[PDB]
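The block underneath contains the structure these notes are about, expressed in structure tokens.
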Amino acid sequence: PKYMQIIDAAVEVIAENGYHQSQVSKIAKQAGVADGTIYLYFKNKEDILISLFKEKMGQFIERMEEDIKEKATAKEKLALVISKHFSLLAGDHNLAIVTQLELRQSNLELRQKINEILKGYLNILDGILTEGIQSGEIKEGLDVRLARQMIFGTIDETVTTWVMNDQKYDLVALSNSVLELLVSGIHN
Amino acid sequence: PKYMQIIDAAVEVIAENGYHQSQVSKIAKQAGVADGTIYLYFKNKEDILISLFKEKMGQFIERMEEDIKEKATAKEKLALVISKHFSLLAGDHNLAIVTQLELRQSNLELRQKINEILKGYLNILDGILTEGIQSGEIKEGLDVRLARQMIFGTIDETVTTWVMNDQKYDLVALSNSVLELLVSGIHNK
Ligand SMILES: CCCCCCCCCCCC(=O)SCCNC(=O)CCNC(=O)[C@H](O)C(C)(C)COP(=O)(O)OP(=O)(O)OC[C@H]1O[C@@H](n2cnc3c(N)ncnc32)[C@H](O)[C@@H]1OP(=O)(O)O
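In order, the protein sequences belong to chains B and A. The opening position of the first sequence corresponds to residue 6 in the deposited numbering, with each subsequent residue numbered one higher. The opening position of the second sequence corresponds to residue 6 in the deposited numbering, with each subsequent residue numbered one higher.
Okay, here's the thing in structure tokens:
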């Protein structure tokens, strides 16, 4: 449908110049749609970015809530999440730039809307950590919120450094190393 | 000072209005100087953003080098880095909005310029790790670049989460627990 066609073009255009500079007109042209056609599916520019996050990151999130259920341990569940995330971004240069660089917006309402979608991802982390503690796999006394900030911050900084390096090295190849740093930390 | 008066007014205006709505005229008004005096020191709005980051980072790094030579172990140095990072930002509401939100420009030419200023701090993290590696304090097989990304992303996301909650809780008090999470990870035992 034209809805997804438009989201896919928006990823391209938004990645090119940045969300702020991106123009709805450029998005239509790139989608090979008329200008008014865009307004047939989206209210405005912000609705395009929010929906892009909903469709790209939101789908990923839903998929992970399902797929982590088959992994026995907290470590395996986190391994799946990091590996699948790096894989989703490694498959699309534009999507890597957008989902990393447009994640935290200055405008309050736009930020809240994007944060709402990303809460889903944080809920997955908290759940993995909560259950891991009850099974005895995860550190007893662990502050779940803080440990989720370290896991999400680590994943995010790893992907953003790769984006700032033109995505030139194999991100997916790092998933296990990133996992072991989170599981065992830096001490010997 | 004229240069620092402008940088300080820029922090305020950019925090309060968002970088895109922070034009030179607004900064000039905020600093109490004329537009032409802004340009006597800066090229444009972008130059003010980049220079505010370079100036604030530079002070931060000189203090860091000063304090961490006292410390013996890699864990002691990281403890100082975390607590000093959290303290600086808890100490200046508008600067934290600038660092966590306004400096995160997605245009790539500009973002590269900003990111080159981060290199000095990342370099400090890499030296703590490599010193630790030589002294046998750091886990065998640990990759320095990845460990640096973990340390800085964990620190930075802890600050972003606190900014997202309107800086309403005591960030600084979380320093030690953030350190222990980086040092031993989430595994039980
Ligand atoms: C004011 C108060 C202050 C308070 C503290 C500061 C507040 C923060 C300010 C806000 C700004 C942000 O948004 S910071 C939060 C988000 N983070 C970022 O945007 C940082 C993204 N990272 C980067 O842009 C970069 O890492 C730099 C520019 C910072 C430094 O780049 P660098 O010096 O070249 O070093 P590096 O990135 O390691 O790249 C070197 C080589 O290694 C490769 N490489 C890099 N990482 C890896 C890796 N994990 N595994 C394999 N290879 C890797 C690269 O491809 C390149 O290869 P080859 O080319 O040779 O093949």
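C-beta: ideal position from N, C-alpha, C; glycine also.
Spatial neighbours of residue i in its chain, beta-carbon cut-off 7 angstroms, leaving aside the 5 residues before and after
i: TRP167 of chain B; result: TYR174, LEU176
i: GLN172 of chain B; result: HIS98, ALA101
i: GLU51 of chain A; result: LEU115
i: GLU145 of chain B; result: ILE138
i: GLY37 of chain B; result: none
Close Cβ partners of residue i (< 6 angstroms) along its chain, the five nearest in sequence each way excluded
i: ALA33 of chain B; result: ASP40, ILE43
i: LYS82 of chain A; result: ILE73, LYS76, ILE133
i: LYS59 of chain A; result: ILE122
i: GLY125 of chain B; result: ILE66
i: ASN128 of chain B; result: none
i: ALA84 of chain A; result: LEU184
i: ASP131 of chain A; result: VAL149, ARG153
i: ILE156 of chain B; result: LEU130, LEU187
Environment of residue i [buried if 16+ CB atoms lie within 10 Å]
i: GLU71 of chain B; result: exposed
i: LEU45 of chain B; result: exposed
i: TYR8 of chain B; result: exposed
i: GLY137 of chain A; result: buried
i: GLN26 of chain B; result: exposed
i: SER88 of chain A; result: buried
i: residue 198 of chain A; result: Past the boundaries of the shown model lies residue 198 of chain A; chain A is included only from 6 to 194, so the question cannot be answered.
i: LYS61 of chain B; result: buried
i: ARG109 of chain A; result: buried
i: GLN35 of chain A; result: buried
i: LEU94 of chain B; result: buried
i: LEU113 of chain B; result: exposed
i: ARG68 of chain A; result: exposed
i: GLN117 of chain A; result: exposed
i: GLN154 of chain A; result: buried
Own chain partners of residue i with C-beta closer than 8 angstroms, once the 5 adjacent residues on each side are dropped
i: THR163 of chain A; result: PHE91, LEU176, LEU179, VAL183
i: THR165 of chain B; result: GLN105, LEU106
i: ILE53 of chain A; result: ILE11, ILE12, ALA15, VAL29, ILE32, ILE43, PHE47
i: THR135 of chain B; result: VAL149
i: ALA79 of chain A; result: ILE133, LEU134, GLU136, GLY137, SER140, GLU142, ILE143
i: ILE119 of chain A; result: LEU54, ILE55, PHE58, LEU108, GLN110
i: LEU147 of chain A; result: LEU134, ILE138
i: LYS194 of chain A; result: none
i: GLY63 of chain A; result: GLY125
i: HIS192 of chain A; result: none
Residue i beta carbon near ligand 2 (any heavy atom closer than 7 angstroms)
i: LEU179 of chain B; result: Ligand 2 is not among the ligands present in this structure, which contains only ligand 1.
### Message
Quick check for students: name the residue ranges of the alpha helix (DSSP H) that lie wholly in the region 27-97 of chain B, counting only runs of 4 or more.
### Response
29-36, 40-46, 50-72, 79-95
### Query
With a cut-off of 8 angstroms, do at least 3 Cβ pairs link the region 97-104 of chain A to the region 19-28 of chain A?
Short answer: they touch.
#### Entry: Inter-stretch contact (C-beta, 8 angstroms, three-pair minimum) for the region 149-161 of chain A and the region 185-192 of chain A
Using a Cβ-Cβ distance cut-off of 8 angstroms, the region 149-161 of chain A and the region 185-192 of chain A are in contact, since at least three pairs of beta carbons, one from each stretch, lie closer than that value.
#### Entry: beta strand (DSSP E) segments (min. 3 residues) lying fully within the region 142-170 of chain B
none
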